[PDB]
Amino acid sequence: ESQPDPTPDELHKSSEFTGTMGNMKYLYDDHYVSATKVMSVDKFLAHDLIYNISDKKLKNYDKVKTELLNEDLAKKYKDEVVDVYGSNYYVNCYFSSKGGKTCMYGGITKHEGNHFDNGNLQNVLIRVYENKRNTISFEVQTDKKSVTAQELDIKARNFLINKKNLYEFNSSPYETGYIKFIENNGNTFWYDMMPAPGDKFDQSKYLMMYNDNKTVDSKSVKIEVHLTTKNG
């Protein structure tokens, strides 16, 4: 059930990536869509939901479309009152053709029953390993009991870009990186933090890993960020 951890050879290497690492940084550096109590208004493909959500900080969109793994997830949430949290993109964001528009994947949670009885916020510790040493540890926060892994991942990388220079314009000071979640039923899963090898970063394709809408229990999940400089 749980995903095996990284094999050494499969992790993406920043030395094999020849595009602009600022195109990855852009997805996580104080950049996310956020909304409360919205209900989808429209669809494009059978697995996606379009919401009326307005860009809260820069004035770039009044529509957002999320793509989900399958038509079942889309039906489940179509008429639910939901909260939205996730990373958006504009390159190759295909809508029909019928006030900017932005795209994304997953990020949706039912609002009702999903907040803490106190109105308080749940702190979630991220432990950071560099060349296998737990170097620093820091907390992100959420108001949600059952929170997307996407939302936690975005918060963690936002911090690390400022604190650790996780991504810079040209490249990264790290060669490899993966973020691992560990749930209190023992389940584990992880996301490669580095772009696929090549001379072009594909935003849409990279973000597509969040389409499963995976949620985790904020009060109990543990998170590990594992980074190497290993090459230099």
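Take the two forms, superpose them, and find the largest set of C-alpha atoms that agree within 1.5 Å; that set is the rigid core. Heads up: residue numbers just count along the shown sequence, starting at 1.
The stretch that moves more in 7 other deposited structures of this protein, judged by CA deviation after a rigid core superposition and choosing between 120 to 128 and 72 to 80, is 120 to 128. Of 136 to 144 and 87 to 95, the stretch whose C-alpha atoms sit farther from the shown form in 7 other deposited structures of this protein, after fitting on the rigid core, is 87 to 95. Once the C-alpha B-factors are averaged per stretch, 147 to 155 and 107 to 115 rank with 107 to 115 first. The PDB entry records a higher mean C-alpha B factor for 62 to 70 than for its counterpart among 176 to 184 and 62 to 70. Taking the PDB entry at face value, the top CA B factor among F95, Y89, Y85, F138 belongs to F95.
Ranked by Cα temperature factor within the chain, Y206 sits in the middle third according to the deposited record. Sort the chain's modelled residues by C-alpha temperature factor and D29 lands in the middle third, per the entry. When the modelled residues of the chain are ordered by their C-alpha B factor, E16 lands in the highest third.
In the deposited entry, the Cα temperature factor of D55 places it in the highest third of its chain's modelled residues. Ranked by C-alpha B-factor against the other modelled residues of its chain, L125 falls in the middle third.
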